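1. This one's experimental. Sequence and coordinates below.
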Amino acid sequence: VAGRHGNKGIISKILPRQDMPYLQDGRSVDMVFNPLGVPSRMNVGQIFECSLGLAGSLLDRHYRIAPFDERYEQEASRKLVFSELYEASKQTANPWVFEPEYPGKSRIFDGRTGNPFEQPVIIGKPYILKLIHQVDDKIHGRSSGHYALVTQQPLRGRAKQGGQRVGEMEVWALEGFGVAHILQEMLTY
Amino acid sequence: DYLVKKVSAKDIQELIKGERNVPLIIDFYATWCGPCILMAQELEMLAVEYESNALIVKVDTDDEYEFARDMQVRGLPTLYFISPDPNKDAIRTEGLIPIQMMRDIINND
Amino acid sequence: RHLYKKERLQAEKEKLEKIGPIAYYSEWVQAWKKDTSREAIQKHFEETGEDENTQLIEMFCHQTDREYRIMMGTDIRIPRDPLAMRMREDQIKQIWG
Amino acid sequence: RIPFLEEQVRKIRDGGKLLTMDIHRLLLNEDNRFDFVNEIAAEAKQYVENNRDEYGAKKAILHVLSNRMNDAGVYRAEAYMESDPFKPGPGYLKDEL
Amino acid sequence: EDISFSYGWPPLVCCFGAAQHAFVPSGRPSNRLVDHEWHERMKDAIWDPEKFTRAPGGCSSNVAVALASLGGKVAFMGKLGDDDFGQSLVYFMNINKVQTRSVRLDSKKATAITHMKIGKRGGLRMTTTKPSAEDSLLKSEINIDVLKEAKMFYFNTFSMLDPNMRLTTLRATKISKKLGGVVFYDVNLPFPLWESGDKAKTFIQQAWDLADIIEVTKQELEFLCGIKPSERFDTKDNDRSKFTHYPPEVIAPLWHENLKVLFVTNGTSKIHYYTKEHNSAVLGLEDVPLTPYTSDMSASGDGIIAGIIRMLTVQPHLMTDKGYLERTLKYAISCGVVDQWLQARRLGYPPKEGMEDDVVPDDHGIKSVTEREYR
Amino acid sequence: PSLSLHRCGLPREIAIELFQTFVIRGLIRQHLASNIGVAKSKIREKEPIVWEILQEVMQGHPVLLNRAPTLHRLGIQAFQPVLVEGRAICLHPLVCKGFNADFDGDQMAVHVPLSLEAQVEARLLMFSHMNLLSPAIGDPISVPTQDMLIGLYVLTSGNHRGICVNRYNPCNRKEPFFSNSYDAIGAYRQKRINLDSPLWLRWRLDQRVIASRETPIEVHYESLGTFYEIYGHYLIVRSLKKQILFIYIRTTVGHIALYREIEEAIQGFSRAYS
Amino acid sequence: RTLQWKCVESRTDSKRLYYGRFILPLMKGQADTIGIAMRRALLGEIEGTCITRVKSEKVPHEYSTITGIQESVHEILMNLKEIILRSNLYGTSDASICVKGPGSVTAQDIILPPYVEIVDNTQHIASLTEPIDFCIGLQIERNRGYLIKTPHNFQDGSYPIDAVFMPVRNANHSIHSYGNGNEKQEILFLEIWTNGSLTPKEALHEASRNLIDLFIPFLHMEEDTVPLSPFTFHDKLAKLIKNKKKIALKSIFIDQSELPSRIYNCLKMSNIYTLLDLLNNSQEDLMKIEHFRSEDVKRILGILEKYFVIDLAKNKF
Amino acid sequence: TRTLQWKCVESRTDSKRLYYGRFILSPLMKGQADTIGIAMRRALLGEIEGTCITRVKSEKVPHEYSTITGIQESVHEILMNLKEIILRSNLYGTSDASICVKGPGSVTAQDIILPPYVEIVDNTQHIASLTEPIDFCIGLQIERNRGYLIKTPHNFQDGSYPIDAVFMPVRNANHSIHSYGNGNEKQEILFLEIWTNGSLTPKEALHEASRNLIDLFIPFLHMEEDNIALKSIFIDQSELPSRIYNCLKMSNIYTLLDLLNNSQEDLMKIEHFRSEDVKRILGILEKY
Amino acid sequence: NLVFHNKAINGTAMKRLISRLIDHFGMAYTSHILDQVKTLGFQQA
Ligand SMILES: [Mg+2]
Ligand SMILES: [Zn+2]
């Protein structure tokens, strides 16, 4: 799954709603992402997009913004996001949407124990997409099977029900270990 | 249908006077009591096992308070086992009692 | 920054103790228009038999959901700075300019 | 004795970490690892040649290793094989996430 | 004087009487606090007895099994059979940690069977042809040592029904009082004695006199005292006409110099206490899972009694404190509700229809999910 | 994350393919099928028994895993397979550096070692526990790396010391004292204290605390003969006979938690061997 | 009494959305335990009823289309997955729809059995724009959680839908201080949102009962062929005495083999309740129990031997 | 038949002060096990009640930091030694206890004089050691509370020093799950481990926690005895005299809906307003 | 027999410790220590 700012990941676990992290409104978050990714990958765009999404959902607005907004003024994007979050907080009376001490972040709780997590966290509704590369297409296995005409070796390809390659680099690694018997097997039987 | 049949107080009187050739078992019961609902089930089995070698009848205590006081009911789940030879005595059993015990009494008393 | 929030939070604890439970929580119920002094509460117990707790429960029955949601800053688990809660609109705007 | 180590000890035995510890003891008696691998392989072959049908869920390599440890004084089960005391019934599988 | 060496902290309590399996002394009309609206919505799947009748309580073995569960040290004194039933009954008690040293077993007598003479016209039976083992206990067999160690004695009116046994019981009570004991009397009036009030008061007056603590159901209190009920007894609302606290004066006719407390029970729904200087009540839950087998409400009775015993025994100095008594009463309401609930789960429900269930050698039962099946 | 170092999770569909011959034998040996053809049918209907047999067969049999650009030996390592439902292979968090793997689209390959000779070599020479040091200079290859490091840092980070903790000079005018480490860990759970709150712990052992070479801030000496020495992180109480009556350490709950885990693991491994 | 509960607010926003808020002086740690358990029970332990299979009479597949209906078969099936129903009984039940002509087929058009009842009455199943006949067959069930559509293989005309049987949409809780000074007491508030199959107050009660049923098992007797029988103790013993020697030994208790009281009391305290226990324990061990003499070991052995010949550990070497 | 059952699988008594038990529960439907475990662990670690020594009164001296006479140990060390003493009781209220020994050589341990209800779990625990003949007299106070560590410290009327009390009988608790699902359905097993201080057995603690939990959820079941066009109309349109209009607009009333929301008492707060005016507004509305 | 550390742990410090532990206790013990530290790190984070 991926977002529009260069962020990609593979799903690892699905958990029941009761065990998911939850907000001061009671609702449970749909996805949880690692936060150590942004410093390395340099995308601060996502933080601006998640926060604006939360506002629009609450106030019933969609926003279409053209690029390079700072031409008008310094820190233009911050002024848009922070202002909109405040309006949502006031109109629907949810004070957690804009918190004056740490704007954009809130305090959430754990589903398993009911206890508050210690430091404030970033919550938002971004837009996430599902990619064409799926597990079902990827999985393959083989035992026995059809063999090629001249080389008399196994066939290549999942469609063709084939084997996998032990190539030059792999031999070298097996040699480093000193596993002669294992290697001979791959080359003969 | 049920082999066990509810009977009025008066009718029971008639039975005591008249002759009998198979053992009568009388159960005093009440709608409210929980043990008695369980008891009814076990007596019913015995009816099948004896199969016309006995008569089993029931009287509801709440309707016939006086009849009961006379035959000395002490607590609700009570069974009186009576016999044809009118010199041999009666047996009163109080409380839920296992089936094998019920069986023995009919045979040996 | 922390030293100061703690000081403000301790003052709130003290006001609840002096004023009483019904008075502190009445900022957030605006439909209660009845005396909330400790001395007013005792008089009602003598006259009608309803103690402090019963009176507090009756007050909350007059609160709007919008107002309840604003009272969550008073939660023991995740308490909010008393200054942020009561700040005016003009002041907040200056965060973004 | 540290007071609460019970679970960790149950797990070490159950997990199969015991085998790892054993391999290490045994290699502390040998200059060439490569030769020890060859000696163990030979013993396993003798065992399977002599009684073929015992094996299949009991593995020969494990048997050779358990036998070494028991000879030297540490009680190990045969072939490091442990039953599941609490399985619900036949045809039931544990989910070892 | 082996006391120092062997007595132990939880003081021993001794329950005297008859051991029986599932015996109900009596049953009278009653009312309960329930949510009437839920009952309408769940009419299809909940058993609600049509006319509600509540048993006073159960046999003394039942009170003892209950104390043991809560943690008390308990002993049962009485006589039983060495016939199979008897030996099995002793096993139950033993498995449930009730000391059985005081019980005595006899070869000739039988466990629940009383041979009776056919009697005069009108079927008036005579029960003296042969007494049953339970009511056949003699003064010689009473175990003095158990009586000596114990700081509480519990007895019921059932053991006062047979003529010889009455005598034995009164002796046990008097022996205990001297040695040092608090006597707890539970009037759980059986079926015969409901004919008239005057007769009842006279039958039990000697026992009433010898007791430090007494427990009476509300319906019994009215019967002894005189009041005739004026409550609907079959309606869909909780109205306060029921659940009345009789004023202290109505109760005062029955006091004696040695009576420390009187407990009047309306079920787990309300429990009332009367002491010489104070009077009060505590309230509870009676809307509990009920099955046809458990509708009598006997189990709650035994549980309530057990809680009152445990608490009074552990801190003896405060039987008359206003606060302790209120805390005791709340623990009792809780023990009662737990017991009625547990029973329903254990015993189960009778098969509704489509009774093709496997049958135990004596009877058949199903779980709640099963009861609630579509047709 | 929950897997141990010696284990890997293999999807069941992949396994049935790789271990088929072994399962057929089992079906026949247990006489749950008459012929090889008979068994292959049972495998297809996915009958529940096929699964009990599969589990039995793979219990002591290792498997080999490799990533595509196999730059160095650590590219291939061996694990004990654990059946999992789902279609992806689960890998331990700490083996990813060697394989140079991340969880954004990377794929891996599995091979099964058929001969006895081959099987011995894999358990004895190609498992992670045996290969914890890299070939080039001798450095550790499996060390806590990202989130795990964040957690360790937080536990040992510490507490505010002066202006940050007190507004006004302490002159004009922490408290908890605990006797055993267990109690302290307990208070954290019961919310009596926080992770960073300072505390005093009695130490019965021998001055192992890494601290600077600093002389005492104040020595307080009394007439009957006892002297109390206050250093920054410790208080040593001594008597006329020159014996150390007590030592107390100033610390935080987080520090005691890391020590305890390292210590308990050592003792646990020892008690298991026996 | 001291603890009191009430419903502070109740609202019905739509026929399919309901709301409720409740209030509860509680001691210092009690509120958190009550709140977490209630959330987990409300979102997780309450069951509901839903349509599980549909029989469309003459369609090749679900991705087809039919004339006179603006939606495909897949769309009609999705719309059905959203219908709200109320029932208290288990098992499968059958119902049908048979409207004709131009118009809209809505929830009212379903004919139901006696036990199941619809809630909304306005939910839309399909849009019909020609004079056509719509006939469908439906199956309804009560269960918990969610169902994967496992039986892809099906009888002709039958297609399954993944039902979600959860009747509570959302929940929240909050804890505040009662300001009682030294005694720290607290006030709890809970809020519940429901689909309207059941009221929030009913959900609150159902959750409490379900929780007690999960903690009550512990207070039954420990497990050590049919349950739910009054005579489980009797039948068990009948086998225990008949079946095995050394197991009959469990039946015998120290109480029956009469002993003098001083000895009996001491033995019981030291965890000895049965004979197999006494025989197992060493003679030396008896000296270990406090206030146990030399005369007593003799007494016990003398009474025991009369009762039975065996000395399992009773006999010293 | 699908009936939940509980068994004890492991038990061990290491010292008189440490006990361990492991328990199991029968198959549970998915999702059930974790809820049951979390709650139990909370009850065991916080709801069970314990008895311990809250306050100590040493009559011999008033010095805050002075070793007195024979005793080999400090005042503070004795206070620590006293806090580590385990007791079992069923008290309602408070009680007093004392220790008095006159020993040339002393191993003060188990000399506490207690009321019959209170009991001592381990006799050997060492309160103190006296090197020279002297008379030692200490008075103590004992209480029963559910692990609530403290109240505000009270006044030191005499040389009476408070002791910080941990009232927790159970030392640790943990839970685990195994899921054995095959074919049609999944079943789970809960495993609970309890360690105790010897005041109660682990099995007893298990039962107590279950009872404590049930009483917490019983209160919910208790039953008591029984005895917009306006939005779009603005004040400008309904003719109103100027002084009243300016005043209302001052206080943020802009539309009719809003005047209705306001009440007669509320109006008298805005300044420059008059009671007669309240009548006039009523008259204007009256015409509608 | 280990040192008590009263200052922060950063990545350099963990590599030094794992190295030091491998030399003193060996690879088997170190593997168990490593799995346990991982659990603690994930939990606190
Ligand atoms: Mg990648
Ligand atoms: Zn910008």
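-> Cool, the structure landed. Numbering: from 1, shown residues only, chains lettered A, B, ... in the order given. Ligands and ions are numbered 1, 2, ... in the order given.
2. contacting residues for the closest residue to chain E within chain I?
-> When scored by Cβ to the nearest Cβ, chain I has residue I:43 as its residue closest to chain E, at 36.8 Å. The C-beta positions use only the backbone N, C-alpha and C, and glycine is treated the same way. When contacts are counted by Cβ atoms under 8 Å, 6 or more residues apart in numbering or on different chains, residue I:43 touches residue F:151.
3. Need the phi and psi values for it.
-> phi -70, psi -50 (degrees, to the nearest 10).
4. how near is it to residue F:147?
-> Remark: distance between residue I:43 and residue F:147 (Cβ to Cβ, to the nearest Å) = 11 Å.
5. Residue G:267 now?
-> Taking Cβ to Cβ, one finds residue G:267 at 59 Å from residue F:147.
6. between those two, who's got more neighbours?
-> The neighbour count for residue G:267 versus residue F:147, taken as other Cβ atoms under 10 Å in any protein chain shown, is higher for residue G:267 (22 against 18).
7. if I look at that one, how far off is residue E:143?
-> For residue G:267, the distance to residue E:143 (Cβ to Cβ) stands at 17 Å.
8. Kindly report the same for residue D:95.
-> From residue D:95 across to residue E:143, the span is 58 Å (Cβ to Cβ).
9. ok, now residue B:42?
-> Residue B:42 sits 36 Å away from residue E:143, going by Cβ to Cβ.
10. Who has more neighbours out of those two?
-> The neighbour comparison of residue B:42 against residue E:143 (other Cβ under 10 Å) goes to residue B:42, with 19 against 16.
11. Could I get the contacting residues of the more buried one?
-> Residues counted as contacts of residue B:42 (Cβ under 8 Å, 6+ apart) are B:99, B:102, E:362-363.
12. Keep these, but drop any that are not near chain D.
-> Near chain D, taking Cβ under 8 Å from any Cβ of the partner chain as the test, no member of those is found.
13. Quick check on these: which are buried?
-> Neighbour counting over these (16 or more other Cβ atoms under 10 Å in any protein chain shown) leaves B:99, B:102, E:362-363 as the buried ones.
14. Stretch F:190-199 and chain H, any residue contact?
-> Yes: applying Cβ under 8 Å from any Cβ, one finds stretch F:190-199 touching chain H at F:190, F:192.
15. so how far is that stretch off the chain centroid?
-> How far stretch F:190-199 lies from its chain's middle: 24 Å, per Cα atoms, centre = their mean, to the nearest Å.
16. Ends of that stretch, what's the gap?
-> Stretch F:190-199 stretches 16 Å from its first residue to its last (Cα to Cα, to the nearest Å).
17. Could you confirm whether any residue of that stretch contacts chain G?
-> No: applying Cβ under 8 Å from any Cβ, one finds stretch F:190-199 separated from chain G by no less than 8.6 Å.
18. so where's the longest helix in chain D?
-> Criterion DSSP state H: the longest helix present in chain D is helix D:33-50.
19. That helix close to chain F?
-> Yes: judged by Cβ under 8 Å from any Cβ, helix D:33-50 comes into contact with chain F at D:33, D:36-37, D:40-41, D:44-45, D:48.
20. Please name every helix or strand in contact with that helix.
-> Counting contacts by 3 or more Cβ pairs under 8 Å, 6 or more residues apart in numbering or on different chains; DSSP states H and E, helix D:33-50 packs against helix D:60-71, helix F:116-125.
21. The longest one vs helix F:116-125, what angle?
-> In this structure, helix D:60-71 runs at an angle of 60 degrees to helix F:116-125, with axes from the mean of the first three to the mean of the last three Cα atoms, to 10 degrees as the basis.
22. hmm, stretch E:281-289 touching chain B?
-> No: residues of stretch E:281-289 are not located near chain B by Cβ under 8 Å from any Cβ, the shortest gap being 13.5 Å.
23. Please save the CA atoms from that stretch in PDB.
-> As requested, the backbone C-alpha atoms of stretch E:281-289 are provided in PDB (Å, rounded to 0.1, in the frame of the first residue of the first chain):
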ATOM      1  CA  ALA E 281     -32.200  -2.000  55.600                       C
ATOM      2  CA  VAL E 282     -29.800  -2.600  52.600                       C
ATOM      3  CA  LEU E 283     -30.900  -3.300  48.900                       C
ATOM      4  CA  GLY E 284     -29.800  -5.700  46.200                       C
ATOM      5  CA  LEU E 285     -30.200  -7.600  43.000                       C
ATOM      6  CA  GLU E 286     -32.600 -10.300  42.300                       C
ATOM      7  CA  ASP E 287     -32.800 -10.300  38.500                       C
ATOM      8  CA  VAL E 288     -30.600 -13.300  38.000                       C
ATOM      9  CA  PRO E 289     -30.400 -16.100  35.400                       C
END
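24. Report the distance from that stretch to the chain centre.
-> Chain-centre distance of stretch E:281-289: 18 Å, with Cα atoms, centre = their mean.
25. Kindly report the same for stretch D:6-22.
-> 11 Å.
26. Now distance to ligand 2 and mean neighbour count too, for the helices and strands packed on helix D:33-50, in TSV please.
-> Formatted as TSV, the helices and strands packed on helix D:33-50 follow (distance: least, Cβ to the ion, whole Å; neighbours: other Cβ atoms under 10 Å in any protein chain shown):
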stretch	distance to ligand 2	mean neighbour count
helix D:60-71	64	18
helix F:116-125	55	23
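27. Now residue A:85, what are its backbone angles?
-> Main-chain torsions, residue A:85, degrees, to the nearest 10: phi -70, psi -40.
28. Now it. Nearest residue, chain neighbours left out?
-> The shortest distance from residue A:85 to any non-neighbouring residue, by Cβ to Cβ, 6 or more residues apart in numbering or on different chains, is to residue A:98 (4.6 Å).
29. Count residues in the vicinity of that neighbour, would you?
-> Close neighbours of residue A:98, defined as other Cβ under 10 Å, add up to 23.
30. where do the strands sit along chain A?
-> Along chain A, the stretches classed as strands by DSSP state E are A:105-106, A:121-122.
31. What number of residues are in the vicinity of the residue of chain I found nearest ligand 2?
-> For chain I, the residue closest to ligand 2 is residue I:45, as judged by Cβ to the ion, at 31.4 Å. For residue I:45, the count of nearby residues is 16 (other Cβ under 10 Å).
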